[PDB]
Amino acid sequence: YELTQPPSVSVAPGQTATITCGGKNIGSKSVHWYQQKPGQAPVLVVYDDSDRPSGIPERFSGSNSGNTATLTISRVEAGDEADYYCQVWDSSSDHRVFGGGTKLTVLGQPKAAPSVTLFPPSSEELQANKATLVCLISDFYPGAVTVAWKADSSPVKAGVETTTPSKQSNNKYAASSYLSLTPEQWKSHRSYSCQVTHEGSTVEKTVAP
């Protein structure tokens, strides 16, 4: 039995978010919803389509009919930003099934382009017969970015390692990407570029041996 959820939902604070959960004849099954804030364990927020466990606010509601179950969240606060999962029990298999989850983003600030810093290999590392290009990405909002590396215009895929974005003290995000090369590979090109794509716009930085 498959449960299908949209991967992403964005909401303005104070507005209402709607999260769907599709499944063949889902209306005939009891649907439950879990809220998982970052670094935390999931919490049951809705059970049996529309009931709330004690402590869950009235802003949280749900419905389930036909082929779609819905989690509705009214007057969305910054505190509601989390991943939401739906779940059912299948009487046929005796399995419990989860949907793929929906990331709920509460847009609490305007779009911010990433600030990018690119460092070439140090003299010390070059002496140890190694070469690392360090690309530091900060202050971007929303918290999603794509990184690509270039050498003499060519795409570099080998030796690339990029982090997931991380929430900073301001409510912006940071990330980093590393390109490992041999000293000879580093010196064999005229320039290397780190290209950071954010909401369709690319911020680029170049470094030369």
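Numbers for residues come from their place in the sequence shown, where the first is 1.
- Higher average CA B factor: 9-17, of the stretches 9-17 and 191-199.
- Across the two stretches, 148-156 and 61-69, the PDB entry reports the greater mean Cα temperature factor for 61-69.
- The entry lists C-alpha B-factors for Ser91, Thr132, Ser115, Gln87, and the highest of these is at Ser91.
- When the C-alpha B-factors of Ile137, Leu104, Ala128, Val97 are ranked from the entry, the top spot goes to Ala128.
- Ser169: CA B factor lies in the highest third for its chain, per the PDB record.
- When the CA B factors of the chain's modelled residues are split into thirds, the value for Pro183 lands in the highest one.
- Among the modelled residues of its chain, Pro38 has a C-alpha B-factor that falls in the highest third, as given in the PDB entry.
- Per the deposited record, the Cα B-factor of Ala208 falls in the middle third when ranked against the other modelled residues of its chain.
- Per the deposited record, the Cα B-factor of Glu81 falls in the middle third when ranked against the other modelled residues of its chain.
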